[PDB]
Amino acid sequence: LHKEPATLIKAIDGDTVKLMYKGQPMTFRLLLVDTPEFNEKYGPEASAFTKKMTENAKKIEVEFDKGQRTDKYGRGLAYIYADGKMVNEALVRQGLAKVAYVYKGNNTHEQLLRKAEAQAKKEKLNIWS
Ligand SMILES: Cc1cn([C@H]2C[C@H](OP(=O)(O)O)[C@@H](COP(=O)(O)O)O2)c(=O)[nH]c1=O
Ligand SMILES: [Ca+2]
């Protein structure tokens, strides 16, 4: 897997962000996670968490997995990095996301994220409290 440049256009919610990728605006959905919706418990905290992460990054990187790169809504599917920290992993680690939507061929960081979830669960963080 390769890291590719992109710039923040706009924070959206816990697991979607609007980025400019190869010069085009695109909504990206974070692979392998599910944040609660804004209208649900920990929804605002997940949105805030991702927002802060992407807005404070001097460098945003997009990492496609081996499989599908856009979903049926035309959202990009990627691992998103903020100054080298993976947002996907960070949300899970803090119990603001569950590991989810694990489809074969788009699951490289699956284990990493389950490990993060296991530790978030252990600590009864946020969604696990
Ligand atoms: C994360 C992810 C979501 N999706 C689709 C599946 C879900 O379909 P449905 O909308 O039909 O439920 C939806 C979940 O995204 P949201 O959690 O952003 O709603 O987006 C994928 O197709 N591939 C993926 O890797
Ligand atoms: Ca969601």
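Between 91, 96, which is aliphatic (A, V, I, L, M), surrounded by 14 or more Cβ atoms within 10 Å (Cβ to Cβ) and either touching a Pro at 6+ places or on another chain (Cβ under 6 Å) or part of a loop (DSSP other than H, G, I, E, B) (or both)?
Exactly one of 91, 96 is aliphatic (A, V, I, L, M), surrounded by 14 or more Cβ atoms within 10 Å (Cβ to Cβ) and either touching a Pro at 6+ places or on another chain (Cβ under 6 Å) or part of a loop (DSSP other than H, G, I, E, B) (or both), namely 96.
Tally the residues that are farther than 15 Å from residue 6 by Cβ, of a type in the set (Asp, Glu) and away from ligand 2 (no atom under 13 Å from the Cβ), restricting the search to the stretch 46-73.
So the answer is 1.
For the stretch 104-113, which residues satisfy the criterion of being surrounded by fewer than 16 Cβ atoms within 10 Å (Cβ to Cβ) and touching a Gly at 6+ places or on another chain (Cβ under 7 Å)?
Passing the criteria: only 105.
Report the residue count in the stretch 79-88 for those that are assigned to a loop (DSSP other than H, G, I, E, B) and either crowded, with 21+ Cβ neighbours inside 10 Å or of a type outside the set (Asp, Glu) (or both).
1
I'm trying to understand the selection: among the residues of the stretch 5-44, which are more than 16 Å from ligand 1 (Cβ to nearest atom) and touching a residue at least 40 places away in the same chain (Cβ under 8 Å)?
5, 6, 7, 8, 21
Find the residue count for the stretch 14-28, including only residues that are among the charged types (D, E, K, R) and surrounded by fewer than 18 Cβ atoms within 10 Å (Cβ to Cβ).
2
Among the residues of the stretch 47-70, is there at least one that is surrounded by fewer than 18 Cβ atoms within 10 Å (Cβ to Cβ), out of contact with any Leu (no Cβ under 9 Å at 6 or more places or on another chain) and of a type in the set (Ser, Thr, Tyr)?
Looking for residues that are surrounded by fewer than 18 Cβ atoms within 10 Å (Cβ to Cβ), out of contact with any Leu (no Cβ under 9 Å at 6 or more places or on another chain) and of a type in the set (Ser, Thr, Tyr), one finds none in the stretch 47-70, hence no.
A short reminder: the numbers here are calculations on the coordinates, not readings from a lab. For neighbour counting, all protein chains shown are included, and Cβ atoms are generated from backbone atoms with ideal geometry for every residue, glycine included.
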